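Structure first, commentary second.
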Amino acid sequence: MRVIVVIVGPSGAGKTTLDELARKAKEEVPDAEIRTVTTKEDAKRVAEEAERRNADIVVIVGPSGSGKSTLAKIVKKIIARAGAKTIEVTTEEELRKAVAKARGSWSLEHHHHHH
């Protein structure tokens, strides 16, 4: 099944910051496409792009605790509207358990019918 990772790039990013966060995500999750967003516009773009290629599971990498978390909320809002399984890995210590809720808990929500 298709897997896509989305970095919540900071407001003071540019390319190198977003890239380093993407490189780390790809080392942890080399089975998934890694993307980056710093704004509501890149949030929608990355999500509506993940719809086109059919992201069975989407795992956003950043917080859900501040005004800055709207990026992650918009990616999840576009894909959760599309009907795919979407999550926010709001951690740096339970991270492995949380990305595993993509690959694992996906089947528990998408095997709901005969195929």
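Labels for the structure tokens follow display order: chains A, B, ..., residues from 1 in each chain, ligands from 1.
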
Residues of stretch 15-83 of chain A classed as strand (DSSP E) by DSSP on the backbone are to be reported as a ChimeraX atom specification.
/A:33-37,57-61

Considering only C-alpha atoms, return as a VMD selection string whatever protein or nucleic-acid residues lie within 8 Å of residue A:106, sequence-local ones (same chain, fewer than 3 positions apart) excluded.
chain A and resid 56 to 57 85 101 to 103 109 to 110

Tell me, which residues of chain A carry DSSP alpha helix (DSSP H), written as a ChimeraX atom specification?
/A:16-28,40-53,70-82,95-103,105-110

Considering only C-alpha atoms, return as a PyMOL selection string whatever protein or nucleic-acid residues lie within 7 Å of stretch 47-49 of chain A, sequence-local ones (same chain, fewer than 3 positions apart) excluded.
chain A and resi 43-44+52-53+75+78-79

By how many Å are atom CA of residue A:76 and atom CA of residue A:54 apart?
14.3 Å

Report as JSON lines: every residue of stretch 75-105 of chain A with an atom at most 7 Å from stretch 61-71 of chain A, its closest pair of atoms, and their distance in Å to one decimal, counting only C-alpha atoms, with rows sorted by chain and ascending residue number.
```
{"residue": "A:75", "atom": "CA", "partner": "A:71", "partner_atom": "CA", "distance": 6.5}
{"residue": "A:88", "atom": "CA", "partner": "A:61", "partner_atom": "CA", "distance": 6.0}
{"residue": "A:89", "atom": "CA", "partner": "A:61", "partner_atom": "CA", "distance": 5.2}
{"residue": "A:90", "atom": "CA", "partner": "A:63", "partner_atom": "CA", "distance": 4.5}
```

Please report the interatomic distance between atom CA of residue A:108 and atom CA of residue A:28 in Å with one decimal.
22.8 Å

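Atom CA of residue A:31 is positioned 16.4 Å from atom CA of residue A:86.
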
Which residues come within 10 Å of stretch 11-16 of chain A, counting only C-alpha atoms, excluding same-chain residues fewer than 6 positions away, as a list in words?
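The residues satisfying every condition are residues 22, 36, 37, 38, 39 and 68 of chain A.
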
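Shortest separation to residue A:83 among A:114, A:27, A:51, A:60 occurs at residue A:51, atoms counted being only C-alpha atoms.
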
A:55, A:25, A:74, A:46 ranked by distance to residue A:99, top pick (using only C-alpha atoms)
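Using only C-alpha atoms, the shortest distance to residue A:99 belongs to A:25.
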